[PDB]
There are 4 protein chains.
Amino acid sequence: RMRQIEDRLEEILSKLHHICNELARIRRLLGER
Amino acid sequence: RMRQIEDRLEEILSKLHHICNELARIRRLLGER
Amino acid sequence: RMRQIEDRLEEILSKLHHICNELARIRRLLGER
Amino acid sequence: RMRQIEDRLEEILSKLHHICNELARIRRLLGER
């Protein structure tokens, strides 16, 4: 159903935002070496 | 080369955030259907 | 700590590939509509 | 339209696959330092 698809995209969005945060954190750690 | 890897991660971050924004837009359009 | 950053990037890669797979699945479901 | 959405997801998929390739490449470069 379309609602299942919309929820999955929201779940994907939450995780992608977490991934961005983690990549930004890794970028910061590399810069403080 | 570490500063270059840092720049590449920033370019990836940039594109990932744009992708989040496009997926958010898709999620929104689907909701209007 | 570099080996740990490498492990984290692998964990991110893992999740990003899973996300690609879920988005591919969504693309497919939308096509069947 | 749904076709516009499906095309955009395909375009997003192509880019995400490129991002995965680039993150894997960065992981490899860090491991050869």
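Order of the sequence lines sets the chain letters (A, B, ...), proteins ahead of strands, with each chain counted from 1. These values consider heavy atoms only, across backbone and side chains, with no hydrogens, waters or symmetry-generated copies.
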**Complete:** In terms of heavy-atom contacts, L13(C) and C20(D) come closest through CD2-O, 3.3 Å

**Request:** Would you give the length of the straight line joining atom CZ of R1(D) to atom CZ of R33(B), rounded to the nearest 0.5 angstrom?
**Result:** 10.0 Å

**Request:** Please step through side-chain contact (heavy atoms from CB on, under 4.5 Å) for the pair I19(C) and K15(C), ending with a clear verdict.
**Result:** CA-CA 6 Å; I19(C) 285 168; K15(C) 182 54 70 168; 4.1 Å; yes

**Working for side-chain contact (heavy atoms from CB on, under 4.5 Å), residues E22(D) and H18(D)** = CA-CA 6 Å; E22(D) 286 301 273; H18(D) 182 232; 3.9 Å; yes

**Asked** With a 4.5 Å limit on heavy-atom distance, are the side chains of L30(D) and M2(B) in contact?
**Response** yes

**Pairwise distance CG(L23(C)) to NE2(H17(D)) - rounded to 0.5 angstrom** = 9.0 Å

**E11(D): side chain to side chain donor-acceptor pair (under 3.5 Å) partners, not counting sequence neighbours** = none

**Request:** Calculate, to the nearest 0.5 Å, the distance between atoms CZ and CG belonging to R25(D) and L9(C) respectively.
**Result:** 13.0 Å

**Request:** Kindly write out the residues that satisfy side-chain contact (heavy atoms from CB on, under 4.5 Å) with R3(D), not counting sequence neighbours, or none if the list is empty.
**Result:** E6(D), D7(D)

**Message:** As an exercise, state the distance from CD1 of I5(B) to CD1 of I26(A), rounded to the nearest 0.5 Å.
**Reply:** 12.0 Å

